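Asker: Experimental structure and its sequence below.
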Amino acid sequence: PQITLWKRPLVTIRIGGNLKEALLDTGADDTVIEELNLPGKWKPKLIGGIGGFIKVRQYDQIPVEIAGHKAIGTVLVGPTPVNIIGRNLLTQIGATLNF
Amino acid sequence: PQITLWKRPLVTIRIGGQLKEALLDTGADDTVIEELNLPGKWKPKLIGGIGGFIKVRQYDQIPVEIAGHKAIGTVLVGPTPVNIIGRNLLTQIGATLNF
Amino acid sequence: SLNXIX
């Protein structure tokens, strides 16, 4: 599929069996989800962007299905206003920018 | 072009007669460039992201050449960690996400 | 305005 950029590129994902909305974000190194109650082991990390840094929980080898395309990798959990799918998972689903 | 996402999608832009590097950022509403002067009038604005809000200078109707494609629109100038081309200009150059 | 992670 093709997603235009007239509005934020919000799509349906599935993480822990549950459907959520997330932004396909080519400006994100990492995937940042607010899913504060996953089971599993995590480790503390700090990530940055325009306003500075925040604390997140790093979860590894988490399945994330993005618009029916399966991915599996690291998900960072922390307080964000929008769930964002970053390049660590976008590459797994074969996503490119085109113009 | 077609750009994959194994690396940050950095490209060269021309703005105000100068060459800069900037990230093609589908997760950005706006275009935000590190501190500099641009010609003309500006007004204060605040924008947010991952870490919170920052103050920027809002310049309107600024020509930007993005890997050889022309755009004219709002450019925000402020303490961003990396220069980013957001959807306001990505739409002008016809950029889509594809998978 | 929301603008995205390093």
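Answerer: That came in fine, so what should we check first? Numbers count the residues shown, from 1 in each chain, chains lettered A, B, ... in the order given.
Asker: Between the two ends of stretch A:8-25, what distance do you get?
Answerer: Start-to-end span of stretch A:8-25 (Cα to Cα, to the nearest Å) is 9 Å.
Asker: in that stretch, what counts as buried?
Answerer: Buried residues in stretch A:8-25, defined by neighbour count with 16 or more other Cβ atoms under 10 Å in any protein chain shown: A:8-9, A:11, A:13, A:15-16, A:22-25. In this view, the C-beta of every residue, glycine as well, is placed from N, C-alpha and C.
Asker: Around chain B, pick out the residues from chain A.
Answerer: By Cβ under 8 Å from any Cβ of the partner chain, the residues of chain A that approach chain B are A:1-6, A:8-9, A:23-29, A:32, A:47-54, A:67, A:69, A:80-82, A:84, A:87, A:90-91, A:93-99.
Asker: Filter those residues down to the ones in helices?
Answerer: Counting by DSSP state H, the part of the residues of chain A next to chain B found in helices is A:87, A:90.
Asker: Now which of the residues of chain A next to chain B would you call buried?
Answerer: Buried among the residues of chain A next to chain B by 16+ other Cβ under 10 Å: A:3, A:5, A:8-9, A:23-29, A:32, A:47, A:49-51, A:54, A:69, A:80, A:82, A:84, A:87, A:90-91, A:93, A:95-97, A:99.
Asker: and the longest strand anywhere in chain A, what does it pack onto?
Answerer: Using DSSP state E to define each element, chain A has its longest strand at strand A:52-66. The helices and strands touching strand A:52-66, judged by 3 or more Cβ pairs under 8 Å, 6 or more residues apart in numbering or on different chains; DSSP states H and E, are strand A:10-15, strand A:43-49, strand A:69-77, helix A:87-90.
Asker: Please identify which of these is closest to residue B:75.
Answerer: Residue B:75 sits nearest to strand A:43-49 of all those, at 18.5 Å, using Cβ to Cβ.
Asker: And for that closest one, what's in contact with it?
Answerer: Here strand A:43-49 makes contact (Cβ atoms under 8 Å, 6 or more residues apart in numbering or on different chains) with A:30, A:32, A:53-58, A:76, A:78, B:49-51, B:81, C:3, C:5-6.
Asker: repeat that for 6 Å
Answerer: A:53, A:55-56, A:58, B:49-51, C:5-6 (Cβ atoms under 6 Å, 6 or more residues apart in numbering or on different chains).
Asker: what's the answer for stretch A:1-11, then?
Answerer: Taking Cβ under 6 Å, 6+ apart as the rule, stretch A:1-11 contacts A:21, A:23-24, A:67, B:26, B:87, B:90-91, B:96-98.
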